[PDB]
């Protein structure tokens, strides 16, 4: 759908809160901490301080407040008090908050302790694939072109793109039309228009693109157990570009990307 200025302002607030959770949890992602603990810290912050609520909790039965995925886990990892972080781990924390009826969805990678060279490389390329997509967003561009650009870049840098999970429209609903694929698909044909709000959240594997879903029905892993990274931002298409609603202080791209001269 097409969001109104009123809707957009509310999404700015929800997006900002979601981003602030990631900025807050940052210093706690250390060797020795459990993902279950990281989840409690995030949830307490969201409920007690932001006076908001996690959109993940209860969604199709999801048991926790945030998704935390480690190394070969592609996405939707479930926080667990028994799972401790250790040196070298690459960790994605995916946050989705609901405030004033609107959603804000974002995630970023964190490397624990001493980084591994390929670990740093994978995360770097993944974030750049997101940035590349974001600098492309403007009315007139087709989602298929965006997905094609992401895939071309990722593959050009020696990695693979996960096909089964994608970005999505977002607003008063967690997942709304359209689907935002991170690769070139014949199924995709959507011309962007101002007012559309959606996410871009490429999942990149160091090895092959194939994945597998665990018995819990949530945890997704790379079929070859290679590392997988992901970054996500929620945006709104503007008259001549886009505006990132979940920008953080550490992002190396501005909130508003305009294509004017």
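Positions refer to the first chain, counted from 1. Basically, rigid core = biggest C-alpha set you can superpose within 1.5 Å across the two forms.
In 8 other deposited structures of this protein, superposed on the rigid core, the segment with the larger root-mean-square CA displacement between 151-159 and 93-101 is 151-159. Choosing between 50-58 and 209-217, the greater Cα displacement from the shown form in 8 other deposited structures of this protein, fitted by the core, goes with 209-217. The mean Cα B-factor in the deposited entry runs higher for 164-172 than for the other of 164-172 and 89-97. The mean Cα B-factor in the deposited entry runs higher for 77-85 than for the other of 126-134 and 77-85. The PDB entry assigns its highest CA temperature factor, among 145, 177, 155, 105, to 177. Ranked by Cα temperature factor within the chain, residue 213 sits in the highest third according to the deposited record. Remark: residue 234 belongs to the lowest third of its chain, ranked by C-alpha B-factor as recorded. For residue 228, the recorded CA B-factor ranks within the lowest third of the chain. Only modelled residues enter the ranking. Looking at the C-alpha B-factors along this chain, the one for residue 205 belongs to the lowest third. The entry lists a Cα temperature factor for residue 253 that places it in the highest third of the chain's modelled residues.
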